[PDB]
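Presented as structure tokens, the chain that follows is alone, the form deposited in one PDB entry.
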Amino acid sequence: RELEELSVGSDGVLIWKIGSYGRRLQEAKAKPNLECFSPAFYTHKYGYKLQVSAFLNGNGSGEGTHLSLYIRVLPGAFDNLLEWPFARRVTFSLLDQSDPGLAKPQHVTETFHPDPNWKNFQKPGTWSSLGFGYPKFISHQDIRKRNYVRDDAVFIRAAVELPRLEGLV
């Protein structure tokens, strides 16, 4: 799995394929506990370590009804060089897998300013490893409504909005 990470981490954009959706959703019905873990990924070179988890069958207020998406800060080798708490804006997306030439795909996208007072968005070392995000990201009804599920697979995107710092032209 160190290669899945090497292939992701660098520029704050994870794209995560979750395969065997139908099976995985059936097990999440049998174990409500069951969560999928993305590869860890870094917001920039020597940046924050982040991970994404998905509950195909929902968690908290969306248990049973929704796909639930969370993002989390992990202990990073470079934590002692970064500002805390984590405060970059995160943008979750579930990708509609329709050809973008043949039809501008309708993606489900949400953006949130992290909660400064969440035990996890502060520097690892302070006293939870839980996560933050959307328990009602998309409905079991709506997830089937387009190409969000194509080829028994789903695509979750997490983008750390870090804009370009340039001088005036």
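Shifts are known only where both forms have a C-alpha. Residue numbers here begin at 1 and follow the sequence given. What we label the rigid core is the largest C-alpha set whose atoms superpose within 1.5 Å from one form to the other.
Omitted from view is the form deposited in another entry, to which the following refers.
Considering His140, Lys119, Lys136, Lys29, one residue stands apart with a C-alpha shift of at least 2 Å between the shown form and the other one following superposition on the core, and it is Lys119. After superposition on the rigid core, displacement of the C-alpha of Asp11 between the shown form and the other one amounts to 2 Å or more.
The pair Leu50 and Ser7 approaches in the other entry: their C-alpha atoms are at least 3 Å nearer to each other than in the form depicted. Compared with the form shown here, the Cα atoms of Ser7 and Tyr48 move at least 3 Å closer together in the other entry. Once both forms are overlaid on their core, the residue ranges between the shown form and the other one with Cα shifts reaching 2 Å in three or more consecutive positions are 1-11, 115-120.
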